[PDB]
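Shown next as structure tokens: one chain only, the form deposited in one PDB entry.
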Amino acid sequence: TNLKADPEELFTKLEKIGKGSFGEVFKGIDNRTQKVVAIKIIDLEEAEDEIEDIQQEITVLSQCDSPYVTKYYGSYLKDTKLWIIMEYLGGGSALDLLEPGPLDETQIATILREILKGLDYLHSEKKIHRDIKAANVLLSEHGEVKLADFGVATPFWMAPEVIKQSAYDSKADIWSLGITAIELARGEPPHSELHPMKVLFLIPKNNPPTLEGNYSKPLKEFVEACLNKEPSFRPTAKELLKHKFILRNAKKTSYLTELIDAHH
């Protein structure tokens, strides 16, 4: 965390991307490199309770060096405002691109596959994302898919063992991915119309959700493989990259450029 170099001199904000975790995020320019950056600015006095959360997410992402995790560039503290500088991803989130209209399975598989490479890099480094969902998967202008907005230590994407506050491992991410697959194919997670507290007991109590509708069987089997109530019966991210649904449908990441151009 740099406190001597003035972030307002190092960076040129250009537009507000939107609100984010605990602060506003800007599309910006590193003035030394003139590369585009994402800049979250947090007033630490206005969010004193969540500061360990902020610290934890900075710590976990500063330890990631993978094409599939949003790159971390540093932090700056000017008076009470913390600037968190990250890679900028100009294609938006996976959830943004579900809004132009329902995704076909080629796009679902290609995004799923890229997410899985992120999960497998993380899980091999003994890390957990803890909040895998469409809104936390960001895409570049050229179709690359990267994980962002890590959780630290809404329930719709949570594994049943996570809800029941048991010690959870990488298999929680696998469950969340199975929910994300349903989201990318349907637009929203299971139980999305229900009050969160109801969903909090539905997930431990009920059978795993399955992908309903007119989809190919491998997509349904990909989902149900992820959505196993027992975490130790969920495949690794490495296993799932060989799932028949991924092998038959996933394309090159550049194929998504068309879908990204639809959103703009």
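Between two forms, the rigid core is defined as the largest C-alpha subset superposing within 1.5 Å. The numbering used is simple: start at 1 and walk along the sequence shown.
**Student:** Looking at the other compared entries that model both neighbours, is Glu48 missing coordinates in at least a third of them?
**Tutor:** Residue status for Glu48: gap in at least one third of the other entries.
**Student:** Neighbours in the displayed sequence, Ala153 and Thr154 may still hide a gap; how many deposited residues lack coordinates there, none, 1 to 3, 4 to 9, or 10 or more?
**Tutor:** Per the record, 10 or more deposited residues are absent between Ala153 and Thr154.
**Student:** So, looking at the entry's B-factor column for Cα atoms, which has the higher mean, 47 to 55 or 217 to 225?
**Tutor:** According to the entry, 47 to 55 carries the higher average C-alpha B-factor.
**Student:** Would you mind comparing 22 to 30 and 201 to 209 for me and telling me which has the higher average C-alpha temperature factor in the entry?
**Tutor:** Looking at the recorded C-alpha B-factors, 22 to 30 comes out higher on average.
**Student:** Could you place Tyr76 in the lowest, middle or highest third of its chain by Cα temperature factor, using the values in the record?
**Tutor:** Answer is middle: the recorded C-alpha B-factor places it there.
**Student:** Quick one: classify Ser124 as lowest, middle or highest third of the chain based on its Cα B-factor.
**Tutor:** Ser124: CA B-factor falls in the middle third of its chain.
**Student:** When the deposited Cα B-factors of this chain's modelled residues are ordered and cut into thirds, is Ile17 in the lowest, the middle or the highest one?
**Tutor:** It falls in the top third of the chain.
**Student:** Using the B-factors in the PDB entry, rank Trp157's C-alpha atom against the chain and give the third, lowest, middle or highest.
**Tutor:** Lowest third.
**Student:** Test of reading the entry: by CA B factor among the chain's modelled residues, which third contains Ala250?
**Tutor:** Middle third, going by the recorded CA B-factors of the chain.
The same protein has a further form, the form deposited in another entry, not shown here; the description that follows concerns it.
**Student:** Would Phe22 count as moving between this form and the one not shown, using a Cα shift of 2 angstroms or more after superposing the core as the test?
**Tutor:** Comparing forms between this form and the one not shown, the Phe22 CA shifts at least 2 Å.
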